[PDB]
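Worksheet: the structure to be examined is printed underneath.
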Amino acid sequence: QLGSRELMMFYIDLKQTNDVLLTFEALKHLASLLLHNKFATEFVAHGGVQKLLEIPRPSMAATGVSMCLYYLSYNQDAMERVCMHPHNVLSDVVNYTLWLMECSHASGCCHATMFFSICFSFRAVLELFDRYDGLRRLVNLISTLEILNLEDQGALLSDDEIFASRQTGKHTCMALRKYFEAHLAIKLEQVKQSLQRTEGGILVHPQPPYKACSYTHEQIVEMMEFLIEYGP
Amino acid sequence: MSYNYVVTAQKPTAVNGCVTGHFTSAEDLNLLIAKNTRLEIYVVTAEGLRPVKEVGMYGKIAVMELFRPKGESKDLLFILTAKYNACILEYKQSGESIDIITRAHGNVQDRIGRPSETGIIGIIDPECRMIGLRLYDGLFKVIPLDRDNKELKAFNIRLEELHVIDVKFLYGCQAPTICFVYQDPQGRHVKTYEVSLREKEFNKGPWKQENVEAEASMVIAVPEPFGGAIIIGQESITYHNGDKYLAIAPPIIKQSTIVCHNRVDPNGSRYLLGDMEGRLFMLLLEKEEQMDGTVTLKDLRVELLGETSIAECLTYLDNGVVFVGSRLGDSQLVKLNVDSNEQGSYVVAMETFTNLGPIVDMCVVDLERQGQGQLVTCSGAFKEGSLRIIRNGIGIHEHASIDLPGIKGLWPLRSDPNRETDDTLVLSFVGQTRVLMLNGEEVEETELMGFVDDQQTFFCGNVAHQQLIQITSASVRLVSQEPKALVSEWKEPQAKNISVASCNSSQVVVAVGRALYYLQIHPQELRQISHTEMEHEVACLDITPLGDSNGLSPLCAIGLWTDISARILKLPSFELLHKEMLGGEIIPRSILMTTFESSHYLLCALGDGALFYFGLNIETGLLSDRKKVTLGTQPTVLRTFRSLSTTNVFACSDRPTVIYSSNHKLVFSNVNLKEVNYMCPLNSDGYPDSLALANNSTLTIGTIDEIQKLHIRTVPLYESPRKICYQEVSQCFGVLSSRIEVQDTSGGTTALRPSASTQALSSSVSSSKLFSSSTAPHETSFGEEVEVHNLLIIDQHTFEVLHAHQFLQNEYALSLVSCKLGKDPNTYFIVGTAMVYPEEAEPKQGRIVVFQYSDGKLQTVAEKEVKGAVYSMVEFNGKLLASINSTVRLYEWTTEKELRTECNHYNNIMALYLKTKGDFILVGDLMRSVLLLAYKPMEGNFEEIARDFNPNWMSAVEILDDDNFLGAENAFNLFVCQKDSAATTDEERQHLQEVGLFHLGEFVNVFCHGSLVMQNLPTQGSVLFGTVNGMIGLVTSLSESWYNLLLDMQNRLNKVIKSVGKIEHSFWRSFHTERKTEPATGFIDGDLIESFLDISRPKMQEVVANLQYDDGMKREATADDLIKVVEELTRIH
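Those sequence lines, one after another, are chains A and B.
Counted from 1, the first sequence has number 404 at position 56 by UniProt numbering; the numbering is strictly sequential.
Read left to right, the second sequence gives residues 1 to 1017, 1023 to 1116, 1119 to 1140 (UniProt numbering).
Here is the structure:
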């Protein structure tokens, strides 16, 4: 009623000489409102994401941007609206989120890894992922880890570089899970249509952004591993 | 509190059990059809059926059977209700007094016990010594039939065997014995016993039968010559008599389960057998006279006899006439031949009986923009699926349109003596006169006679001596074979103008001032016989053809100006039979003299809308009391005529009714005409023996069909209809349906009969296979009756199936709404579907597909795959509300022809129902109750306002008035919940309160709004409901003063009318689940109060005690005003 959408539109930096500190203490307010889809839809509808994708990259306020992008994709399908735009919008999203996972602020990996765990459903996300370095950036995160470096595991022993580092390896295994749970259904489409060819299939494919990761490891992600044994 | 009012619109039609015998008299076969609560008593005649007395009882008649105990020439009847209230009846007749007398009664229920799985079974012993009952799953109640039971005594002899399938008494073997079909834990068999009444204990049984067929379903005991038992199973027929045995498994009885049977011949020589597909069989028995006295069985034959409706009754009457009673639709009476037809069937179709069947959906809809609505009910089942259209009144719709407003009368003119051929008419204005011809629906004007082409006429009949009567200015004359000169112009010796004349086929009655003339019609001679004078000037005259088809009427009609005249004369001689003068400025359009098949009545059409009830004996001159009936504000006309036959009677009034019959009762029923002034007996070339109707409007040559309140029209579809919606912009219905198909080996499937699904004008098929990744449709072995559903779109007026749309394989359709969503100006169809599979729990697949019907072509616009079955849909404020496996999911139609989920709700067991009004949402759960759910649009989500906690298994819900919520239950009950008011805390406002309980002993499927009567712009609102026995009733909201008015009348009426069975009405209507027996409150059972109209005044005076009457003010109750209250209720229905 009182325009809290429009006021929180104002308080993020728009070619402005503010502090970093107020904006970062405002983005946390912005993220808590973004849990409601009714707020979150009209935030995308007035184009708040392109506003949010203007932050300079070395920034303490980048952590709040890393929070908001994860809360944007969390429950609401506002990201369904993020697909069709002036073309470089997701090309700003993928170029942003792959950096702030890579530069590895101490909780910057705690959200950008959880971001792709949900956003791998959208096939346009995955297409841009391989267009950049992708697993060369992602597997290198595991091969950096010091709990895994047996030659260096007996050097640092404090609980800050262990409780977070045994959490950093946790989320990246779920990111690799939700990666290959998606490509299992991508290449199954390129087998059930390339090998069958109307023998038990319908050739209708206008390439929509559709959530088709099959979402069930108990039944059907298990089942896709069996049906691929009629493969090439 | 909430106060409501429940009546019965349509009496329940689906039948349950049919018994023949000799219930009425000693030597007269009859039929006793019980349907839900009614007990119809027909009689078997040479032409068909003939009703005797219909009796409504307080309970569902579950088990009935006739029996003749030793000592009575006539027989007796035992009836056990659903609330275990047993009774023994006896017909007793004395002149016109026809009464049913209960001989013994008494409730027979145990305190503890699981009821049943095979339902209630009751068997009468053949020697008429005891009455057995299977009631409580581990007992065998025995009622010792004797005169000792002034109330019924009972035993409970323990069945050691638990799960008993069927049970009969075997025939004459010197001791009353019992057969079973018992399901062992390992196998199943047939054991016997022997009841000792003097010792309350089973003695030793004579048969063993250690292993019978694994789906044995019934026992058919064969009678006294060659006694034994036949055990019909799923795939085979056996026989046992202790030692011998036969067995057949004929290839005819393979595809359907035998469910009914009867004994055709009295020595058990033949047996009919029906099934669940429509087939009648005949189990012949070959009687083998083996020795000098030995009668034994030799052979077992099964002969196919043809297809009927799906039977649940089966009674052979006489002369090869079999009655087929159908729960599932169209109970019919059939005839068995001797030779065969072209199809080998012996079953001859005879007159049927309309059944509204299991109503599964309704919609109240108007198709003539009137104040009266029509009701389209999805009736029937598997092959008896049919839409049925229900209207009040009388449907004169095949009518010719003639532009003659305000005409006074049209009278025939003929020249063909022995036929009705070439009948010309008379146009008679006031000041003008012409001659009319009839080209069927069209008319022509000419000049034919030359007598009355100058001056007006009033009455010109058809003389039985092949002549006619002309009344022109002051004289009458006979008519030759269309002359131009007079036969005999008998002038008047007064030289005065005729005020009102009249004529007949043998007599002329002319009133000139007060002088009243008489003419004796001789052949070409008008002889003067008699004459009389009235004390005032005569208002009008009426002549009715009372008897002998000659026109002779021994009574007369006298009406005087500015004075109500009840003067009765002997019209040929004018002898005074009765002299009564009421008084007042109201003038009667004098008298209609028509006998309603039992007594001659006088029907006075009073002026400015009034009606009196007068009853006259034609030979003495005694009149009964009067009664005021409201008609309107204008003078009315009461006539009778011949539509096609049976001497119909019509009321020409501002509220035009047909007086003659209403299910053989003097109750008015309207017509589909706004205002009727006169009628005219024409001879239309496109309407045989019809009549035209003169008004302040057009002239309608119409006839009248079979006169009843609820005229029902059948549109058969030969597949089970699921739901019904309606398009207002487009002129088309929408029917979801269900077709049974078996699976072919080479091809996909095949149907079993050419239903109205395939036979359409265009068809289509579901595409875009979005359930292709699932390997759940495994290959089946045989074609074991899968179901295929489609969307029937049916024409508005012709009711031809315009288009059908087959869905995916194994895809049911469970919900149908047709509304508008968003600002898109189209009006769509929305079909909520689900993907079913057997050998499976609740389904988690399905989709919601939005259809449109632009220009005779159904189009699939959008689709939305949703994980879960879509049970019920409603439109909600421009948004589509859904109900998807205990989740209430609100949608929003985007511009890009898709849907976006707005919110969800999860506190549901299985959200099966949705009803909305404004911004509130009513949800009917599977086990719990009524649930009230808010919608806050500023919050963007839902909100739990309140919830009832008491676990009632829902059947149907409906919001009444945004405070009170009505629900139905599997325990055949109704209740109203109420959003609470004294919200002193948050706990006392999240708890709905049950305000009112009632046992409507019938399973409610549907609720809908909308009345069936005319909107004349009492009670408030109107809710009709649809059930599984064809019982439509009306539920409406009262005012708090009239609640205490009527509820005090019920407790007075519960001491006057002795109900058949001696059942307390408080005991039957009590809310009865498996665990609660709270007495009924809140509702008014209107069908008991409507029975106050039938009670005589020496007993109605005892109804009117020292009671109250509210016409803020206070008055003692009186007779004539309490009966006015009921008629204000009876006009609702």
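Using N, Cα and C, we set each Cβ at its ideal position, and we do this for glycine too.
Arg477(B) is classed as buried because its beta carbon has at least 16 other beta carbons within 10 Å across all chains shown. The residue from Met1036(B), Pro69(B), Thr833(B), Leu305(B) with its alpha-carbon nearest to that of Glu342(B) is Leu305(B).
A distance below 7 Å between beta-carbons, with the five flanking residues on each side excluded, links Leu382(A) to the following residues of its chain, in chain order: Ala388, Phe391, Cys416, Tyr419, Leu420. For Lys769(B), the nearest beta carbon of chain A is closer than 8 Å to its own beta carbon. Partner residues in a beta bridge of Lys665(B), as assigned by DSSP, do not exist. Considering only beta carbons, the part of the stretch 551 to 563 of chain A lying closer than 8 Å to chain B consists of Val552, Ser562, in chain order. Under DSSP, the beta-bridge partners assigned to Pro721(B) are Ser737(B). Here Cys521(A) is exposed. Its C-beta has fewer than 16 other C-beta atoms within 10 Å. Taking a Cβ-Cβ threshold of 8 Å, the residues of chain B close to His384(A) are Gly940, in chain order. Those residues of the stretch 355 to 385 of chain A placed with their C-beta closer than 9 Å to a C-beta in chain B are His384, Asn385, ordered along the chain.
In terms of beta-carbon proximity, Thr775(B) lines the interface with chain A, with at least one pair separated by less than 8 Å. Straight through space, the alpha carbons of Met593(B) and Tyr687(B) are spaced by roughly 27 Å. Proximity of the stretch 1087 to 1107 of chain B to the stretch 132 to 145 of chain B falls short of the contact definition, fewer than three beta-carbon pairs being nearer than 8 Å.
When the alpha-carbon of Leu425(B) is set against those of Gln186(B), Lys723(B), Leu468(B), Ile396(B), the nearest one is in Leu468(B). Taken in chain order, the complete beta strand (DSSP E) segments of 3 residues or longer contained in the stretch 787 to 843 of chain B are 801 to 803, 811 to 817, 829 to 835. DSSP places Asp99(B) within a strand segment (E or B) once states are collapsed to three. Annotation: Cβ neighbours of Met571(A) in chain B (cutoff 8 Å, chain order): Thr775.
According to the DSSP assignment, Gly1091(B) belongs to the alpha helix (DSSP H) that extends over 1091 to 1094. Of the candidates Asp919(B), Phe459(B), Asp962(B), the residue whose Cα lies closest to the Cα of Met938(B) is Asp919(B). Take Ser1011(B), set aside five residues on each side of it, and the residues of its chain with a beta-carbon closer than 6 Å to its own are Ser1027, in chain order. Considered as a whole, the stretch 129 to 217 of chain B harbours 130 to 134, 139 to 144, 155 to 158, 164 to 169, 177 to 182, 192 to 196, 201 to 203 as its complete beta strand (DSSP E) runs of no fewer than 3 residues, in chain order. Straight through space, the alpha carbons of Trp411(B) and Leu49(B) are spaced by roughly 40 Å. The stretch 472 to 486 of chain B makes contact with the stretch 517 to 537 of chain B: 3 or more CB pairs, one atom from each, lie closer than 8 Å. Between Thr45(B) and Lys53(B), the alpha-carbon positions lie close to 16 Å from each other. In this structure, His261(B) places its C-beta atom within 8 Å of the C-beta atom of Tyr271(B). Taking C-beta atoms as the reference points, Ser669(B) and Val658(B) count as a pair closer than 8 Å. DSSP places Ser590(B) inside the beta strand (DSSP E), whose first and last residues are 588 to 595. If you compare the alpha carbons of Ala221(B), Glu779(B), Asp366(B), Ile41(B) with that of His797(B), the shortest gap goes to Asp366(B). Of the other Cβ atoms in all chains shown, 16 or more fall within 10 Å of the Cβ of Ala760(B); this residue is therefore buried. Remark: C-beta atoms of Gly559(B) and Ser590(B) approach each other more closely than 8 Å.
The Cβ neighbour count for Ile178(B), taken over all protein chains shown within 10 Å, is at least 16; the residue is labelled buried. For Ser94(B), the uninterrupted beta strand (DSSP E) run begins and ends at 85 to 94, by DSSP. Where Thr1137(B) is concerned, the enclosing alpha helix (DSSP H) starts and stops at 1126 to 1137. Taking the CA atoms as reference points, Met572(A) sits about 22 Å from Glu840(B). Relative to the Cα of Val786(B), the nearest Cα in the group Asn810(B), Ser764(B), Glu863(B) belongs to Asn810(B).
Residue burial annotation: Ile550(A) is exposed, with fewer than 16 other C-beta atoms found within 10 angstroms of its C-beta.
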